[PDB]
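In: This one's experimental. Sequence and coordinates below.
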Amino acid sequence: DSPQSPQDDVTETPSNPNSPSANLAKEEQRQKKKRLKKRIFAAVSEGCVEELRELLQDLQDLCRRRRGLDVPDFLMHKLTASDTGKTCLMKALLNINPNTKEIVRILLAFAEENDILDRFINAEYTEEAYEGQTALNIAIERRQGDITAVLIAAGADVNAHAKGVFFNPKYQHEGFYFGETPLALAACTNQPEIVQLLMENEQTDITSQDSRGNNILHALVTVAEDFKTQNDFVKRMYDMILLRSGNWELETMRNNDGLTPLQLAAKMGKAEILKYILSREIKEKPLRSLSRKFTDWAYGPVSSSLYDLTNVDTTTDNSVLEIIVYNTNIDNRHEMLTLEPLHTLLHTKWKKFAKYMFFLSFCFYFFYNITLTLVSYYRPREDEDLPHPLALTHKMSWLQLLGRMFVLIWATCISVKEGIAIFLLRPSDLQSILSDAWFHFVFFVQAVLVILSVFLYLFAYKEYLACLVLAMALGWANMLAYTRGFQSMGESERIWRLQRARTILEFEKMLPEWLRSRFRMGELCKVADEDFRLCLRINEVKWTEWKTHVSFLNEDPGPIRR
Amino acid sequence: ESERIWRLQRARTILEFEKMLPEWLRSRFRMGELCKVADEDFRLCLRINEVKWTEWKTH
Amino acid sequence: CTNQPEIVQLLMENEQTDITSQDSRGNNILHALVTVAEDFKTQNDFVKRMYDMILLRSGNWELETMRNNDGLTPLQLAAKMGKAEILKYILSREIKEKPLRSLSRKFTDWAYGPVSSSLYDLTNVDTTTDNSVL
Amino acid sequence: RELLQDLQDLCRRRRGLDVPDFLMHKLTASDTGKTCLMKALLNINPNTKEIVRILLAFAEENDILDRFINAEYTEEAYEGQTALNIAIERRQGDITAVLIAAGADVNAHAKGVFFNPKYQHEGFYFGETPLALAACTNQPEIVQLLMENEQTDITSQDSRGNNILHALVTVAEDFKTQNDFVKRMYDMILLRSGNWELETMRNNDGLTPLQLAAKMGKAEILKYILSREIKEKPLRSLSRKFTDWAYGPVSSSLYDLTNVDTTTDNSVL
């Protein structure tokens, strides 16, 4: 769906005065000031210099008239407040000519000939779609750092906020979302010197937030593509903030949704950025504290890799691995899991427990199919109308009581599990109940149907056997979901990966204890005097790209010494 | 492709009902009356659109 | 029509060269040039740029508003014959030059990063005159 | 230089019985047996070319350099490692020649808890000889520079009795995860200097380097070890491919078939 919703005025067209612009006559010769007002705007639109010099000259001569101290806001009212409050600078900065530099410094000097220029420079729109729009952004748009330095020499508020409707409620329509700050705008639009120039100002906040509570980086998260483009600046912009930032805490900042930028980068699905954020191979010495990848020791082509692991696995609320499985609406999740703190960690958690505990509930169910098949083919039936959906065998030699509290209580163990496993997510008719809640629904439907035979016994219903026979053959039918662990039996592979990626977190949801499965090198020394923390990971490297390795941790051991 | 056939079909409608528009056709068309870049050209504009490919090198 | 631009320019050098002339079907230079593009695959797409070349060389709306012997607009003649590709060109065709703006049809003013305003000329386009292109 | 000036003046105070011995204790930490130089070669720096040259001149002026330069790692975890051994891993071939100009020993066998199984246990079994890891880490000119020295032995064996070749067999692993230099390095050494004595050598566990590729699964280099035609008159014997009757789209083929068939025990087949 691509409308544009132009809702408010059509914002600086060469159109007619179809709008009512008959407010101030004050006539002395067929029109006094509307001829003065608009011919300025056309001179603003064109750049005729001497005419504008004569325009400004009689303008101040028009403002020479008797006002006392009501002249400056008159000149505000004279120059602005048509419908939107737009200034000459706004109109001048939209179009461009080679005359543009000279006409500003003339124009800038005029409100410097008065004392309202600081009130004048930070005009913004009453215009509802663009409430908060300043002249800076337009210069940022049209890439005039030459003018922008004079705007800094004018001293405009660099930390303004364009919180109009110009950013959208939808996804990629009716306007872009640079996050309302003048710093982010040149940052999003690849003006690195200006980015360097803007961050050089001491008045420039960086840690300020959006309406949506966002830093500059959250905007940058909402930029990137789905692939390695023709060398996008988005990645090489990101660090140039961070090395100039000098602080770890900026990514610890949350948003209106209370999310880390990296955590937001999961939901936005921007993989290549997320590959970049996760590495941080900081080579440059004094700020290697904020790195995230660490050469332990290299010694040739096989080094001991070491990742960050601080918000990654489910040890806190809404870990970044918790997003990538449990978020839908990203059609690149299968390929994102190629990365190493993702991929290998799943190989880790499969290893020490998930090969164990999955095959047990496989075997608990496989023996449950044996206790469900045999009791309705050996003896369901004794000769007239006595049903026995669960045969009792009141006498000695306890055979049929041993299966009964095995069948019906394990029927509760799937019913209580799946009755709550469905009470986490509400799918909508496709792709999350047909791929994610596909078999667990059948797991839940088989759960309900076994206990359903008990209420057929209440006053001897007819449905005791033809309904209960459906639980058996469908009980053998959902075994395809439980031949999932074999590599040989399981792009549908990558779908199958993501399907058993659903499983592994589900069993971690079934680890209520103190997690004696300790999957990680705990709280080791990072390159700091104090940060001997941020529990860890160890991985292995092979042949290419032979370079020397300056930064490391220890003087070539492989394991811990002693 | 049958949707495009439907695009013909609802196109066949919209002319018929527009043909059935009574005595005044007024102001049920578009945003117009633009001042074209001329001294005598005052006719008939229409509204705005969008594309999302700011993306390039730009040095 | 056979993709020979310099001799067209050389034809445009002569003062005696009429552009306004009609034919057996009352057709100008443009009308027939409409009738042959056929494709994008089986043409290297010079007809678009040749059609561009002539109007910027010399042209007014008199040359566009002309109708043929069977009474038909050269805009509409593409509309009847199915010349889809040149109709894309005949629609927007923005020109930035001050004594050349009037012959354009695309008018971009409110353009901002990834957004860009759009205006169309909409002359024989709507149903306010008979035989619209629509 | 200040520490060098101070220690020089401090060494002048005790010269009654140990001027060479007392200094050698100072230059090397007693724990690991690592020198200042060994620290200097791990911790690299884009200033280090002078920093060694100054260091060597001090050991030269006090005339203890050859004891110092060809001193080894002596802490029995990854023992026997020279400072030179770092420099090839540090791939600083330029100053490595200065160590060659210093007269460092090209024969060093660094034992230790590396070259072990279970690759995560670092296990870099290049076979502990300084020739190997130059060629094992794709460094051809310094291999040529190693071939320049007369003292450079090729014939040497190891803990597993392995030559230069045997270990070089044990690392190719692939064609995808290697740019295939092992083939051309293996080519480089035999044409540089070689006889069948160097091929017929067997290891400590008694095994042919032809057969060692056969046991370990090094498929790709086995393609190279089989045909390997060389046209040069004092070089034909080391070849194995013999093309004579070749005509347009047809070409005769001959193979050497020495340890190949089942006429000796443990054939490659």
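Out: The structure has been received and is ready for your questions. Residues are numbered from 1 along each chain as shown, chains lettered A, B, ... in the order given.
In: number of nearby residues for the residue nearest to residue A:26 when sequence neighbours are not counted?
Out: Once flanking residues are discounted, residue A:26 sits nearest to residue A:32: 5.0 Å by Cβ to Cβ, 6 or more residues apart in numbering or on different chains. Backbone N, C-alpha and C define where each C-beta goes, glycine included. By the criterion of other Cβ atoms under 10 Å in any protein chain shown, residue A:32 has 14 neighbours.
In: ok, residue A:32 to chain D distance?
Out: Applying Cβ to the nearest Cβ, to the nearest Å, the value for residue A:32 to chain D is 74 Å.
In: What separation is there between that residue and residue A:94?
Out: Noted for residue A:32: a distance of 27 Å to residue A:94, by Cβ to Cβ, to the nearest Å.
In: Residue A:124 now?
Out: Separation of residue A:124 from residue A:94 (Cβ to Cβ): 16 Å.
In: More neighbours: which of the two?
Out: More neighbours surround residue A:124 than the other of residue A:124 and residue A:94, with 22 against 19 (other Cβ under 10 Å).
In: Show me what from chain A comes close to chain D.
Out: Taking Cβ under 8 Å from any Cβ of the partner chain as the criterion, chain A approaches chain D at residues A:299-302, A:538, A:540, A:542-544, A:546, A:548, A:550, A:555-559, A:561.
In: Emit the ChimeraX select command for whichever of the residues you listed are buried.
Out: Buried members of the residues of chain A next to chain D, defined by 16 or more other Cβ atoms under 10 Å in any protein chain shown, are picked up in ChimeraX with:
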select /A:299,300,301,302,543,556,557,558
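In: Which ones among the residues of chain A next to chain D lie within strands?
Out: Per DSSP state E, strands hold the following members of these: residue A:540.
In: What is the burial count for residue A:483?
Out: Other residues near residue A:483 come to 11 when the count uses other Cβ under 10 Å.
In: just the one 4 residues further on next, same as before
Out: Residues lying near residue A:487 (other Cβ under 10 Å) number 7.
In: if I look at it, how far off is chain D?
Out: For residue A:487, the distance to chain D (Cβ to the nearest Cβ) stands at 20 Å.
In: Let's verify that residue: helix, strand, or coil?
Out: coil (DSSP: H, G, I helix; E, B strand; the rest coil).
In: and it, backbone torsions?
Out: phi -60, psi -40 (degrees, to the nearest 10).
In: for chain C, what are the nearby residues on the stretch 351-500 of chain A?
Out: By Cβ under 8 Å from any Cβ, no part of the stretch 351-500 of chain A sits against chain C.
In: of all of the stretch 251-400 of chain A, which residue lies closest to chain D?
Out: Closest contact between the stretch 251-400 of chain A and chain D, by Cβ to the nearest Cβ, is at residue A:300 (5.6 Å).
In: Hmm, residue A:238 and residue A:223 touching each other?
Out: No. Applying Cβ atoms under 8 Å as the test, residue A:223 and residue A:238 come out as separate, 9.7 Å apart.
In: higher neighbour count, the two?
Out: More neighbours surround residue A:223 than the other of residue A:223 and residue A:238, with 24 against 21 (other Cβ under 10 Å).
In: Setting the sequence-adjacent residues aside, check what's closest to the more buried one.
Out: The shortest distance from residue A:223 to any non-neighbouring residue, by Cβ to Cβ, 6+ apart, is to residue A:234 (5.0 Å).
In: Now do the SS call for the one you found.
Out: Three-state assignment for residue A:234 (three-state DSSP): helix.
In: Does it touch residue A:276 like I think?
Out: No. In this structure, residue A:234 is not within contact of residue A:276 by Cβ under 8 Å, at 9.2 Å.
In: more crowded one of these two?
Out: Under the criterion of other Cβ under 10 Å, the comparison of residue A:234 against residue A:276 puts residue A:234 first, with 20 against 17.
In: show me the contacts for the more buried one.
Out: Contact analysis of residue A:234 by Cβ atoms under 8 Å, 6 or more residues apart in numbering or on different chains lists A:220, A:223, A:224, A:273.
In: what kind of secondary structure is residue A:196 in?
Out: Using three-state DSSP, the structure places residue A:196 in helix.
In: burial of it, as a residue count?
Out: If you count neighbours by other Cβ under 10 Å, residue A:196 ends up with 12.
In: Who are the contact partners of it?
Out: A:240, A:244.
In: The stretch 101-250 of chain A against chain C: which residues are in contact?
Out: A:141, A:175, A:176, A:189.
In: Please, which helix or strand holds the first one?
Out: Yep, that's residue A:141 we're talking about. Using DSSP states H and E, the element containing residue A:141 is helix A:135-142.
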